[PDB]
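Peer 1: sequence first, structure after; it's an experimental one.
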Amino acid sequence: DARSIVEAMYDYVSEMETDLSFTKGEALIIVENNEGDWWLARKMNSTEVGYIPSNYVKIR
């Protein structure tokens, strides 16, 4: 198939176990595109997955 690569426009440090953390400019893969605000995403080549705020990312 195919899948979206995004870039972070802001930093996000979670405390929820369910969420990812990332820094500005980091690249993330979107696995589920719930436009119910929180998207499900995963760092590249890692098993680190979690929810991210949709409005902190742009499509590269």
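Peer 2: Noted; the coordinates are in hand. Numbers count the residues shown, from 1 in each chain.
Peer 1: can you spell out which helices and strands pack onto the helix or strand hosting residue 41?
Peer 2: Per DSSP states H and E: residue 41 is located in strand 38-43. Contacts defined by 3 or more C-beta pairs under 8 Å, 6 or more residues apart in numbering; DSSP states H and E place strand 38-43 against strand 27-32, strand 49-53. Bear in mind the C-beta positions are built from the backbone N, C-alpha and C, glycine included.
Peer 1: distance of the residue most central in space within the chain from residue 10?
Peer 2: Nearest residue to the geometric centre of the chain (C-alpha atoms, centre = their mean): residue 41, 4.2 Å. Distance, residue 41 to residue 10, by C-beta to C-beta, to the nearest Å: 14 Å.
Peer 1: next one: residue 47
Peer 2: From residue 47 to residue 10 the distance is 24 Å (C-beta to C-beta).
Peer 1: between these two, who's got more neighbours?
Peer 2: A direct count of neighbours by other C-beta atoms under 10 Å for residue 47 and residue 10 places residue 10 higher, at 11 against 6.
Peer 1: hmm, the more buried one is touching residue 52, no?
Peer 2: No - at 10.5 Å, residue 10 does not count as touching residue 52 under the criterion of C-beta atoms under 8 Å.
Peer 1: how about stretch 52-60: buried residues?
Peer 2: For stretch 52-60, a neighbour-count test (16 or more other C-beta atoms under 10 Å) marks 52, 54, 56-57 as buried.
Peer 1: ugh, typo on my part, it should be stretch 17-27
Peer 2: 19-20, 22, 26.
Peer 1: which residues does the closest residue in space to residue 32 that isn't next to it in sequence bridge with?
Peer 2: Leaving out its chain neighbours, the residue that sits closest to residue 32 by C-beta to C-beta, 6 or more residues apart in numbering is residue 40, at 3.8 Å. Applying DSSP bridges to residue 40 gives these bridge partners: residue 32, residue 51.
Peer 1: list the residues that contact residue 40.
Peer 2: 30-32, 34, 49-52 (C-beta atoms under 8 Å, 6 or more residues apart in numbering).
Peer 1: ok, of those, which come out buried?
Peer 2: Among the contacts of residue 40, those classed as buried by 16+ other C-beta under 10 Å are 30, 50-52.
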